[PDB]
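Everything below concerns the one structure shown next.
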Amino acid sequence: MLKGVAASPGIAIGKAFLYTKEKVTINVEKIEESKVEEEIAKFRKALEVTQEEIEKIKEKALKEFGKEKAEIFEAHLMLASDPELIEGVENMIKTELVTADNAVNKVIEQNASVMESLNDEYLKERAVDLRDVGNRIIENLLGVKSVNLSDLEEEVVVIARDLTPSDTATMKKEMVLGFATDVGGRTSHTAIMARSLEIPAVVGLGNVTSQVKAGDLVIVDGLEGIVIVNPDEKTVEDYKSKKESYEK
């Protein structure tokens, strides 16, 4: 069996799906000066896509989680639409004759590192917001695709190597059995979230992405802090009766 951190107690039984994300290869190679306008055009197009992305995410967050999460994505949207960040990138492209990938990476990193260097925990949180937006812009420039687990209409377990709050806030409350991750980078967030969603979760398993695949039957045991993939017939019935014992 798998063992990790009991982010939230309870028993959940059903399907599990494995989040897959296209490899993010960022091209920061210096380009011909004639391609400056090309990269700027693509950047502005990526901003339009980024606005769509964030907006649609905000909707899901608002409806499922509430303004608590939606307002965060509103901040993300304002960052994406920030004339200062937009012009900064475009000027960076022309000035250094580099890609939009390079420009966004540098501009976003610079401004974020300033807020972090100020040693203000508030601005550090805002720096993370900025970092997230910048990364998603680059991904939209690259055309990075991934599995839309949030569009699933069935109670399933969320299996992934590394998720952020900004990603999990897309997941529909009633369509999530629980969470399980390879890493503990957001353990505390999955703990708070899962509990507020009234569901169990066991995170920081290590290699759940290799042990659990999409379509597999998985039992989430937040009481012991373990996860069972391909449960035995007896195991299913045992946790079945226990699930109802605690649920009902």
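Throughout, read-outs are computed from the coordinates displayed, never taken from laboratory work. Note that each Cβ is placed from the backbone with ideal geometry, even for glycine, and that neighbours are counted across all protein chains shown.
Here the Karplus curve 6.51 cos²θ - 1.76 cosθ + 1.60, taken at θ = phi - 60°, turns the phi angles of region 58-65 into couplings of 4, 4, 4, 5, 4, 6, 9, 10 Hz, with x standing for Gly and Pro. Based on Cα contacts under 8 Å between residues 6+ apart, region 43-174 shows a relative contact order of 32 percent.
What whole-number value in cubic angstrom gives the convex hull volume per residue for the C-alpha atoms of region 176-248?
Per-residue hull volume (Cα only) is 91 Å³.
Relative contact order, whole percent, for the chain stands at 36, derived from Cα pairs under 8 Å and 6 or more residues apart. May I ask you to work out the translational diffusion coefficient for the chain at 25 °C, viscosity 0.890 mPa s, via Stokes-Einstein with Rh from the Kirkwood sum over Cα pairs, reported in whole µm²/s? After rounding, the answer is 126 µm²/s. Highest-first packing order for the peptide set 91-103, 150-162 is 91-103, 150-162, based on the mean count of other beta carbon atoms within 10 Å. Legend: distances between Cα atoms for 15/240; 23/45; 30/106; pairs beyond 19 Å are 23/45. For region 21-146, the alpha carbon convex hull comes to 104 Å³ per residue, rounded to a whole number.
Close amide H partners of residue 177, meaning residues 5 or more places away or on another chain with modelled amide H under 5 Å apart, are 156, 157, 158. Among the GluC sites (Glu not before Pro) in region 182-234, those placed in a DSSP loop whose Cβ has at most 10 other Cβ atoms within 10 Å are 198. The phi torsions of region 227-240, fed into the Karplus equation with coefficients 6.51, -1.76 and 1.60 and a -60° offset, translate into couplings of 10, 10, 9, 6, x, 5, 3, 4, 4, 4, 5, 4, 6, 4 Hz, rounded to whole numbers, with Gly and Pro shown as x. Charges were assigned to the Cβ only: +1 to each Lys and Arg, -1 to each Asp and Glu. The resulting dipole of the chain about its Cα centre is roughly 620 debye.
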